[PDB]
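Whatever order the structure lists them in is the order used to number ligands and atoms, beginning at 1. All chains are named by letter (A, B, ...) in the order of the sequence lines, taking the proteins before the strands, and each is independently numbered beginning at 1. The basis for the numbers below is simple: all heavy atoms, side chains too, and nothing from hydrogens, waters or symmetry mates.
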Amino acid sequence: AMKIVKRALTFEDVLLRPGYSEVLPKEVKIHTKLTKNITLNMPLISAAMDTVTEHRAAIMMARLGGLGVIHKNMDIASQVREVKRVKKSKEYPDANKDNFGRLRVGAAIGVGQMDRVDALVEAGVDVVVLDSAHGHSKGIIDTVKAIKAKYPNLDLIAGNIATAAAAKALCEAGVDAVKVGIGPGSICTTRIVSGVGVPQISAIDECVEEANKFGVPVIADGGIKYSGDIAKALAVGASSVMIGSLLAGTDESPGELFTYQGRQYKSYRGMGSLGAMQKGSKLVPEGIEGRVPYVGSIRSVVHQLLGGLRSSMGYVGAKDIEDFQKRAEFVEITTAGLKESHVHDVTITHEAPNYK
Amino acid sequence: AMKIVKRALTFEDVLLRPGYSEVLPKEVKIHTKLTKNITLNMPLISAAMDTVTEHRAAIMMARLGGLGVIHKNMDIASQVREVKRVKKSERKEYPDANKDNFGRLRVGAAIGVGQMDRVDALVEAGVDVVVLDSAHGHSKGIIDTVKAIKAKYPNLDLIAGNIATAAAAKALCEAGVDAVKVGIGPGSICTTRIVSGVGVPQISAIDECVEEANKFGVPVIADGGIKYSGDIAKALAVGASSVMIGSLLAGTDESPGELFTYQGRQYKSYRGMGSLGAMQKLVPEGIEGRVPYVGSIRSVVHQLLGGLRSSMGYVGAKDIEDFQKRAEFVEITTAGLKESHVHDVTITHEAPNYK
Amino acid sequence: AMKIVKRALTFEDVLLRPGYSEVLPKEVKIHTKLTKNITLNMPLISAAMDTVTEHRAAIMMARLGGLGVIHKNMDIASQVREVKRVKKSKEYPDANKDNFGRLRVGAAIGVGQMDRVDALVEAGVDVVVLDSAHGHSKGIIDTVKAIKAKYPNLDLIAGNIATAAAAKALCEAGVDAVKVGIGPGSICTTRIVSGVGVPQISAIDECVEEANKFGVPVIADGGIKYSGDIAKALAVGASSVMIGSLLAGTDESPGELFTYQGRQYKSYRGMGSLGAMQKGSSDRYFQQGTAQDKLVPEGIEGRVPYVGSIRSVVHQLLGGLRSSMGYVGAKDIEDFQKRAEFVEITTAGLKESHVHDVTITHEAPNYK
Amino acid sequence: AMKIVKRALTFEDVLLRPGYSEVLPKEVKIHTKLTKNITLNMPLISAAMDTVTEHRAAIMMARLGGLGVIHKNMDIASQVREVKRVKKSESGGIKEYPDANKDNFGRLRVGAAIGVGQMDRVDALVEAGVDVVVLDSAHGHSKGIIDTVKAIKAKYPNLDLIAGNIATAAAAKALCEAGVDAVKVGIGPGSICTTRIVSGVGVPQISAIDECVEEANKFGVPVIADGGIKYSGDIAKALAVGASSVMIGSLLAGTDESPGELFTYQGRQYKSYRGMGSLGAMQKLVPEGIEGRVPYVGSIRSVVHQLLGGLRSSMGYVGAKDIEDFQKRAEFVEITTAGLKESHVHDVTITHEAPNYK
Ligand SMILES: C/C(=N/O)c1cccc(C(C)(C)NC(=O)Nc2ccc(Cl)c(-c3nc(C(F)(F)F)cs3)c2)c1
Ligand SMILES: C/C(=N/O)c1cccc(C(C)(C)NC(=O)Nc2ccc(Cl)c(-c3nc(C(F)(F)F)cs3)c2)c1
Ligand SMILES: C/C(=N/O)c1cccc(C(C)(C)NC(=O)Nc2ccc(Cl)c(-c3nc(C(F)(F)F)cs3)c2)c1
Ligand SMILES: C/C(=N\O)c1cccc(C(C)(C)NC(=O)Nc2ccc(Cl)c(-c3nc(C(F)(F)F)cs3)c2)c1
Ligand SMILES: O=c1[nH]cnc2c1ncn2[C@@H]1O[C@H](COP(=O)(O)O)[C@@H](O)[C@H]1O
Ligand SMILES: O=c1[nH]cnc2c1ncn2[C@@H]1O[C@H](COP(=O)(O)O)[C@@H](O)[C@H]1O
Ligand SMILES: O=c1[nH]cnc2c1ncn2[C@@H]1O[C@H](COP(=O)(O)O)[C@@H](O)[C@H]1O
Ligand SMILES: O=c1[nH]cnc2c1ncn2[C@@H]1O[C@H](COP(=O)(O)O)[C@@H](O)[C@H]1O
Ligand SMILES: [K+]
Ligand SMILES: [K+]
Ligand SMILES: [K+]
Ligand SMILES: [K+]
C-alpha cells in the first residue's frame with residue numbers, strides 16, 4: 001500500500017467558530033511579526049511578481065503598515081533602483097518604517113545571486129526574500145547559510161515549503177521566517193504539472209507547529225481568494241499573508257490597463273509561466289499567463305481585506321493576533337456547507353466591494 | 001496543531017428516514033412555541049429585513065398563523081406606526097390567525113444594541129415580542145442589552161441572536177432570553193463566512209444550540225438558509241421550534257419594495273441588512289440582489305406548509321413534538337444529493353414548490 | 001443530539017470490482033423472480049406512469065421477458081380494457097406468459113381501491129401493484145390485508161418503502177414483493193419538498209437483507225440512469241428493476257412525439273406532479289362543485305428525447321447487464337449477488353468513470 | 001449486507017508531498033522496465049488504438065525512448081507491415097534522438113496488440129520481429145486470457161508478453177502465475193471509456209495500481225498504468241505509486257503522427273479520437289466506448305517533452321534520482337474537492353496558451 005500520511009485541508013474546507021466576544025472590530029489590533037526582528041503594523045505582504053510589486057505597490061503597502069517585495073525578474077541595477085525609490089519615499093499614520101523613518105521594503109532573490117544580495121544590502125533593503133519552487137533543497141539551504149554567514153544582521157526569508165521537516169531544515173539553517181505554499185497560488189499549475197502539493201490550511205498548520213519551536217514566523221503565501229482566507233490563515237498560526245492576484249488589478253501594480261470585451265483588466269501571470277521566464281531571459285512552465293479585473297486602488301482593496309480580518313477577530317473575541325490564534329476553534333465543513341456559505345439562490349445586482 | 005471541533009453538516013447533507021405512519025398530512029397539527037410564552041399556530045416567521053417584512057407582510061404572516069418581525073432600518077416613529085398598523089388590523093377566511101389575548105394580530109419588532117428608546121416606544125405601541133438581533137449574538141453588548149431589557153420589562157418576551165454554538169445558547173439563556181435565534185452565515189444574501197471566515201453549517205448549529213437551550217426550556221428559531229420546504233422539515237425535526245425565512249418571501253405582493261420588470265420578467269429587490277445599500281468606507285457582510293416575483297405570501301406559505309405536513313406524514317408524526325421524537329436522519333453524499341433533486345429530465349412546466 | 005442512523009450511498013457512489021470469469025456475456029442467464037410465484041425472463045419492469053406504460057408498452061415488455069404495469073390514472077373500465085388488450089395479444093422467444101399462454105401484465109392500484117382490484121382480477125391481471133407515496137403506512141398495510149383475505153391467489157406488490165422495518169411490516173402483512181424507492185426517481189421532488197428519503201443503493205441493501213428473511217423479492221424502483229445502475233441494483237440484492245425515464249421516450253409509450261429546436265421529444269412527468277393530478281381534481285370538482293385545496297406536488301412535468309423502439313432500449317440495457325455479469329464471472333443473477341464485491345468511490349472517481357476531456361462527436365446508443 | 005471492500009481513490013484524490021532534495025530535475029534518470037526483459041529509457045507507451053498508434057507514432061515513441069503498440073483493428077498482413085515499417089525505420093534523426101529505445105540489432109523497438117485466440121496473428125508478428133505482443137481484453141481476469149497467455153509462452157518461451165486489462169490483486173496474481181512479463185492495469189479510467197457506466201464495473205486508477213503493484217512485485221512483474229492520464233502530474237502519481245510505465249491515449253491522439261487526418265470545426269483544428277469498443281471502431285452491438293475528437297496539439301515530440309518535463313520536476317520535488325528511488329521516497333496526502341480547485345488554475349482567466357495545461 002502507498003504511503004498516505006494524512007488527509008489535508010485547504011481554506012474552503014474549514015470555518016471559524018464564533019466565541020464570546022468583548023471587543024469590537026474597530027478596536028482590535030492587527031500588528032504582527034514578519035521575521036524574528038521585523039514587525040508589521042498589518043499582516044499583508046504583496047507578492048514578489050512582475051505583475052504585482054514594484055516601487056508604486058511597495059510604497060503603498062508599507063504606508064498602510066504592511067510590506068511589498070520587489071520581484072527579481074529584472075537586472076540588479078533596476079531592482080536596486082526600485083528598492084531605493086521605496087526607501088527614499090498624518091494621511092498614513094500606520095506606515096511601516098525602519099529606525100531611520102524610511103518605509104520598509106523587501107526584495108526577491110534566487111539561488112546563486114550573491115552579487116544581487118550585495119547590491120540590495122547596500123541599497124538598504126530591509127529584508128531579502130530567497131524564493132524557489134522547492135525551498136526544501138540543498139541549494140536553498142546552502143544559500144541560506146552563505147547569506148547568513150556574510151550578512152549576520154540581514155533579515156532573510158526563505159521559501160517555499162509545505163512540510164514540517166522542511167520548516168525544521170530552514171530554521172536550522174538560520175532563516176528569520178519561512179514562507180509556506182506549494183501549489184495553492186491562483187496562477188499555479190505545479191500540482192497539475194508535477195503532482196506535488198499540500199493544501200494550504202494543512203501546510204500552514206504543519207509548518208507553524210515546527211517553526212514555533214525556533215521562534216520563527218510563517219508567511220502564508222498563495223490561495224487567498226477572500227478576506228476570510230486571511231483570517232483563517234492567521235488563526236491557524238501564520239504571522240502574515242502574501243497576496244498576489246487580489247492586488248494585481250490595482251492602480252499601483254506594474255503594467256497597464258487594457259480593455260477586453262467592454263471591461264478593463266491588467267495582466268497577471270505566474271513567474272514560472274512561459275511569458276515571465278522568456279522576458280527574463282523548450283521550457284516546462286508551472287504557471288499560466290492571465291488577466292484579472294481592474295479593481296481600483298490598492299488602498300481600497302487593503303481596506304476591505306483588513307476589514308474582514310477585523311470582523312473575524314471580533315467574532316472570535318480576540319484583541320490581537322496572538323489572542324486570535326489562542327482562541328480559534330474550527331469546524332470542518334462539506335461541499336453543501338460551502339455552497340450555503342457563499343451567496344446562493346439570489347441574483348446579485350450591485351457590485352460588492354469585498355465579494356466577487 | 002489547529003483545533004477542529006467537529007465535522008459540521010448543513011441541510012443538504014442529510015435526509016429524514018420514513019417511519020411507520022398512521023397520520024395523514026392534512027390532519028397533523030403544526031402549532032409550536034415562538035418563545036417561552038408566545039405560541040404560533042404554524043412555525044414560520046418572516047425575516048426582519050427591509051425587503052421582506054413591513055406591516056403588510058406582518059399582517060399576512062400573523063393571519064396565516066405565524067409572525068412577522070418589523071425591521072429596524074427605520075426611525076423609531078415609523079417602526080411604532082408599522083407595529084400599530086398590525087395590532088389594529090382585525091375571519092372565517094383566516095381561522096388560524098395568531099392573535100393575542102385582546103383578539104389582536106401578534107407582531108414582533110427588531111431592535112439593536114443600546115436602543116432602549118426604541119424598546120420603550122414599541123412596548124407602548126403594544127408589541128408582542130422584541131427581537132434583539134446582531135451579527136454576533138454571543139457578545140457582551142447583546143448580553144448586557146438582554147439583562148437591561150428583562151429588568152425594565154420582565155413580562156416582555158425577548159428574542160436574541162444570532163448564535164451558532166451551545167456556549168452562546170447557554171449565555172443568552174442565563175441572561176434571561178425567551179428564545180434564541182440560530183444562524184451565523186447560512187442566509188442567501190449573507191457573505192459573513194466568506195468575508196470573515198466565521199460560521200457554522202446550519203444543521204449542526206441548530207442541533208448544537210437546541211441541546212443546550214432545551215435545558216432552560218428556551219425555544220430555538222432557525223434563521224436563514226431555507227431554500228425548499230424540506231429544509232423547514234429538517235430544521236424542525238432537529239429540534240428548532242420555528243423557522244425564519246427571507247428570500248422565499250421577498251418576491252411576494254405583500255413584501256415592501258417595488259415590482260420592476262427586467263428583460264421580460266418581474267422581480268423585486270432582495271438585499272442583506274449588512275449590505276452597502278441597506279446601511280445607507282463600509283465593509284459589508286451582505287449583498288444586494290433581486291429575486292423573481294412569485295405572487296402572494298399566501299400561495300408560498302401554503303406550499304411550504306404542505307411540504308412540512310407531507311414530511312410529518314412520512315415520519316408518522318401527529319405534531320411537531322412527536323416529529324422531533326421520531327425523527328431519524330441519514331447522512332448522504334453529493335451523488336445522493338443529485339439523485340434527490342430532479343435529474344436527467346428537462347423541466348417544462350413550473351412547479352409551485354420546486355425551482 | 002440529533003439521530004443520524006448511517007451514511008447512505010447511491011449508485012454513483014459505488015462500482016463493482018471485476019472477478020475471475022469463465023463465462024461470456026452472451027451466455028449468462030438473466031431470468032429472475034418478480035414475486036414469490038411469478039418469474040421474469042429478464043429483470044426489467046416499465047413504470048406505472050401515464051407517460052410510460054399502457055397496453056403497447058406492456059405488450060412489448062412482456063414479449064421481451066419483462067413486465068409492464070398499467071398506470072392507475074384512468075377510470076376502472078379503462079384500466080380493465082388496457083389489461084385485456086395485453087392478455088389478448090417465435091420473434092419473441094423469451095416472452096413472459098402465464099399458464100394459458102397469455103402475456104403477463106401488472107396493474108397499479110391505490111389505498112382502499114378494492115373495487116378496482118375486483119375488476120382487474122376478473123380481467124385476468126397477473127399481479128396488482130399497490131402504490132403509495134408512503135408504503136410504510138396503515139392505509140397500505142390494511143389494504144394489503146384486505147386484498148389477501150379476499151383474493152388469496154392474487155400476487156400483490158406493495159410500495160414504495162426505504163427501510164428494513166418497512167420491509168418487515170409489508171412482508172408480515174403478506175405481500176408477494178416489496179418495491180423500494182423513496183425519492184430517487186428522475187422526476188421526483190419528494191426529498192426536496194419533504195426532506196424525506198434514503199439513497200437508493202442503501203435503501204435496496206437494507207430492504208433486501210430484511211425481505212430475504214421472508215423469501216420476498218425486492219423491486220428496485222427509480223433512479224436508474226444507465227445500464228450500469230441495473231447491474232449495481234441487482235448485485236446488491238434486488239430481484240428486478242422498475243424504470244421510468246429510460247422508457248418514456250419510446251415509440252410504445254403513451255403520448256405523441258413533438259419537436260423542440262430541431263429534435264424530437266416525448267412528455268415525461270411524475271404521477272405526483274400538477275399535470276398528472278389535474279384530471280383527478282377535475283373529476284372531484286365537478287362531482288361536488290367545491291373550491292378545492294391547491295395541490296402540493298412531489299414531482300415535476302418534463303420531457304425526454306425520443307429514443308426509438310422499446311426493443312432497442314431494452315437490448316442496450318440488457319447488454320450492459322450481461323457485460324457486468326461477465327466482468328464478475330456470474331452465470332446467473334443468484335450467482336451474481338453471491339460474487340459481487342464493491343468499492344466506494346470519490347467524486348473524482350465518478351468523473352474518471354464517465355467520459356472526460358474528450359468531446360463526443362457521435363452519440364452512443366447506451367451513453368449520454 | 002453488500003460487500004464493500006474499500007474506498008478507492010484516483011489521481012485527483014491525492015498529491016505528492018515535497019521532500020528534501022539534492023537532485024535537479026535535469027539530472028534525474030527516467031529509465032524503467034517495460035517487461036521483465038525489455039527496458040525503456042523513458043516510461044511512456046502510446047495506446048493500442050486505431051486513432052493513436054500506427055507506424056508513424058510508434059517510430060516517434062521509440063525514437064524518444066518509449067514504445068508504441070500497433071493496434072489490432074486491421075488484418076494480419078496490415079499489422080505485420082506496420083511492425084516492419086518501424087523495425088526498418090532510421091533510429092537517429094538529422095545526435096537528434098540520443099535516447100532511442102532499440103533491440104539487440106540496433107532497430108527501434110515496437111509492440112503489437114492481439115486478442116484471444118489469434119495465434120496466426122502472433123506467429124506473423126513474431127516473424128516480423130515484434131519486440132513485445134500486447135494481449136489486451138476488456139477483462140484480462142478471464143479463462144480465455146489465461147489460456148491464451150499459457151499457449152503463447154509455450155510456443156514462444158522467449159517472446160515478451162503483456163496481458164490486460166486488470167484492476168485487482170487477484171487478477172494480477174492470476175496473470176503472473178500464468179507467465180506474463182508485465183500486467184496492464186486499467187478497467188474504466190480511459191478518457192473515452194464507458195465501461196463503468198454501461199456495466200457498473202471498475203476500480204479508480206490509483207487504488208487499482210496500488211493493489212496490483214503490491215501483488216505483481218512478488219513475481220518481479222512490472223505494472224503498466226493504462227488509462228485516465230490527463231496531465232503530466234498524473235504520470236508522476238502513477239509511477240510514484242509503483243507502476244513501471246504509463247500507457248497514454250488521449251494526450252497523443254491529437255498529434256501529427258497519429259493516424260487519421262486533421263479537420264477543422266468552428267475555427268479550430270481537431271483529430272478524431274475513439275474507444276476501440278465504440279461503434280465506429282467495431283465496424284446490434286453494445287459498446288463500451290464513445291467516438292469523439294481532441295484538439296490538434298502538434299508533434300508527438302513536443303507533447304512528450306512537456307510530459308517528461310513534468311515528471312522530472314516531480315522527481316526533483318520528491319528528491320529522487322530515478323524511478324525506483326522515486327517510489328521509495330514518495331509520500332502522499334489525500335485532498336478534498338476544495339483542494340483540487342485550489343490545485344488547478346482558479347479565479348484568473350487564462351489569456352495565453354500553456355503547453356502543459358488546459
Ligand atoms: C514558484 C514556482 N513554482 O512552480 C516557480 C517560479 C519560477 C519558475 C519556476 C519553474 C517553471 C522554472 N519551475 C521550477 O523551477 N521547478 C522546479 C521543480 C523542482 C525542483 Cl527540485 C526545482 C528546483 N529549483 C532549484 C533552485 F534552482 F531554485 F535552486 C533547486 S531544485 C525547480 C517555478
Ligand atoms: C446579520 C449580519 N450578519 O453579517 C449583519 C447585519 C447588519 C450589519 C452587519 C455589518 C455589515 C454591519 N457587520 C457587522 O456588524 N459585523 C460584526 C462583526 C463582528 C462583531 Cl464582534 C460585530 C458586533 N456588533 C456588535 C453590536 F453591539 F454593535 F451590535 C457587538 S459585536 C459585528 C452584519
Ligand atoms: C477495451 C475495451 N474495454 O471495454 C473493449 C474493446 C473492444 C470491445 C469491447 C466490447 C465493447 C466488445 N466489450 C466487451 O468485450 N466487454 C466485455 C465484458 C465482459 C467480459 Cl467477461 C468480456 C469478455 N470477452 C471475451 C472474449 F473472448 F469474447 F473476447 C472474454 S471476456 C467482454 C470492449
Ligand atoms: C409517488 C408520489 N410521491 O413520491 C406521489 C404520487 C401521487 C401523488 C403524490 C402526492 C403529491 C399527492 N403526495 C403525497 O401523497 N404525499 C404523501 C406524503 C406522506 C404521506 Cl404519509 C402520504 C399518504 N397519503 C395517504 C393517502 F391515503 F392519503 F393516500 C396515505 S399516506 C402522502 C405523490
Ligand atoms: O508561476 C508560478 N507557479 C507557482 N506559483 C507561483 C508562480 N508565480 C508566483 N507563485 C506563487 O503564488 C503566489 C501568489 O498567489 P495568489 O495570491 O493566489 O495569486 C506568489 O506569492 C508565489 O508564492
Ligand atoms: O446582510 C446580512 N448579512 C448576513 N446575514 C444577513 C444579512 N441580512 C439578513 N441576514 C440574515 O439572513 C436571514 C435571511 O436568510 P434567507 O432566508 O436565506 O434569505 C435573515 O433573517 C438574517 O438572519
Ligand atoms: O411524481 C412522483 N413523485 C415521486 N416519485 C414518482 C412520481 N411519479 C413516479 N415516481 C416514481 O419514480 C419512478 C420512476 O423513476 P425513474 O425511472 O428514475 O424516472 C416510478 O416508477 C415511481 O416509483
Ligand atoms: O472503447 C474502449 N472502452 C474502454 N476502454 C478503452 C476503450 N478503448 C481504449 N480503452 C482503454 O483506454 C486507454 C486510453 O485511455 P486514455 O489515455 O485516458 O484516453 C487505452 O489504452 C485502453 O486501455
Ligand atoms: K451565505
Ligand atoms: K429525485
Ligand atoms: K471513463
Ligand atoms: K493552483
Side-chain angles (χ1 to χ4, degrees), chain A residues 73 110-112 130-140 142-143 159-160 181-183 185 188-190 193-194 196 222 270-274 276-277 280 283-287 339-344 346, chain B residues 185-194 199 224-225 272 286-287, chain C residues 18 21-26 28 319 322-329, chain D residues 18 21-25 28 48 73 115-117 136-145 148 164-165 186-188 190 193-195 198-199 201 227 275-279 281-282 285-289 309 312-319:
Chain A
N73 204 15
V111 165
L130 171 67
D131 57 5
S132 153
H134 191 22
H136 197 188
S137 62
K138 189 187 192 315
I140 290 292
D142 285 347
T143 294
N160 277 16
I182 302 291
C188 174
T189 61
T190 289
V193 168
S194 75
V196 171
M271 297 295 277
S273 73
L274 280 185
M277 309 200 276
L283 279 35
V284 179
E286 302 184 31
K339 193 197 165 192
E340 177 184 275
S341 301
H342 283 269
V343 172
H344 56 92
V346 177
Chain B
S188 53
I189 38 64
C190 165
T191 51
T192 293
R193 298 179 187 171
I194 307 303
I287 63 91
Chain C
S21 184
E22 302 186 341
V23 295
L24 290 178
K26 81 194 210 204
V28 302
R322 293 183 168 281
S323 167
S324 178
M325 298 169 67
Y327 280 117
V328 174
Chain D
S21 176
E22 289 177 358
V23 291
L24 290 175
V28 312
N73 201 13
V116 152
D136 54 346
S137 185
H139 191 28
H141 205 191
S142 65
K143 168 162 160 62
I145 286 282
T148 299
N165 274 17
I187 302 286
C193 168
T194 62
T195 294
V198 168
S199 78
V201 176
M276 299 299 287
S278 70
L279 286 189
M282 308 206 289
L285 300 147
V286 191
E288 291 186 33
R312 289 184 173 281
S313 159
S314 188
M315 296 165 72
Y317 277 118
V318 171

Does the side chain of [Y] come within less than 4.5 Å of [X]'s, by heavy atoms?
X        : Y        : value
A:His136 : D:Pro18  : no
A:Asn73  : A:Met271 : yes
A:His342 : B:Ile194 : yes

Do side-chain atoms of [X] reach the backbone of [Y] as a donor and acceptor pair under 3.5 angstrom?
X        : Y        : answer
D:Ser314 : A:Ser194 : yes
C:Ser21  : C:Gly326 : yes
D:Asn165 : D:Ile187 : no
B:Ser188 : A:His344 : no

Put together the list of close N/O pairs, under 3.5 Å, between ligand 3 and the protein, could you?
{"residue": "ligand 3", "atom": "4 (O)", "partner": "D:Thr195", "partner atom": "OG1", "Å": "3.1"}
{"residue": "ligand 3", "atom": "4 (O)", "partner": "D:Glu288", "partner atom": "OE1", "Å": "3.1"}
{"residue": "ligand 3", "atom": "13 (N)", "partner": "D:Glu288", "partner atom": "OE2", "Å": "3.3"}
{"residue": "ligand 3", "atom": "16 (N)", "partner": "D:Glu288", "partner atom": "OE2", "Å": "2.9"}

Subject >> Test salt bridge (charged side-chain N to carboxylate O under 4.0 Å, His left out) applied to A:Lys339 - qualifying residues, sequence neighbours left out >> reply: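 Scan of A:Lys339 (salt bridge (charged side-chain N to carboxylate O under 4.0 Å, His left out), adjacent residues dropped) gives none.
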Original post:
Partners of A:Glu340 by salt bridge (charged side-chain N to carboxylate O under 4.0 Å, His left out), sequence neighbours excluded?
Top reply: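 Partners of A:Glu340 by the salt bridge (charged side-chain N to carboxylate O under 4.0 Å, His left out) criterion, ordered by chain and then number, come out as B:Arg193.
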Subject >> N, O or S atoms of the protein lying under 3.4 Å from the K ion (ligand 9) >> reply: A:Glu340 O, A:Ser341 O, A:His342 O, B:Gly185 O, B:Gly187 O, B:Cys190 O
